[PDB]
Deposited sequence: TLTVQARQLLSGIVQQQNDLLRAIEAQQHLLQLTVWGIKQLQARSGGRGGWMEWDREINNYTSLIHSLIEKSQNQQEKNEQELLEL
């Protein structure tokens, strides 16, 4: 199981890596939006997805914390 636990641990870790990646690109999308916005429904679509994506990140963060707990058991 030790080697078994190893792979799953690097999968769980890799998922955390990906999530932080996704969060970091969010910070960047927000900036590009700000930039664009310094220069209609477009603003509406932006908010609909921004909310959606902040929603999905939260869920993932939560699921990440549970997967790491079930792995530590």
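Stretches of the deposited sequence lacking C-alpha coordinates, numbered from 1: 1-2, 42-51, 86.
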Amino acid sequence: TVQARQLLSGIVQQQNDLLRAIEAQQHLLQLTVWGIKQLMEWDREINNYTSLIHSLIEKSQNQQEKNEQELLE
From here on, numbers count along this sequence of modelled residues.
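In this crystal structure, the stretch out of 40-48 and 24-32 whose C-alpha atoms carry the higher mean B factor is 40-48.
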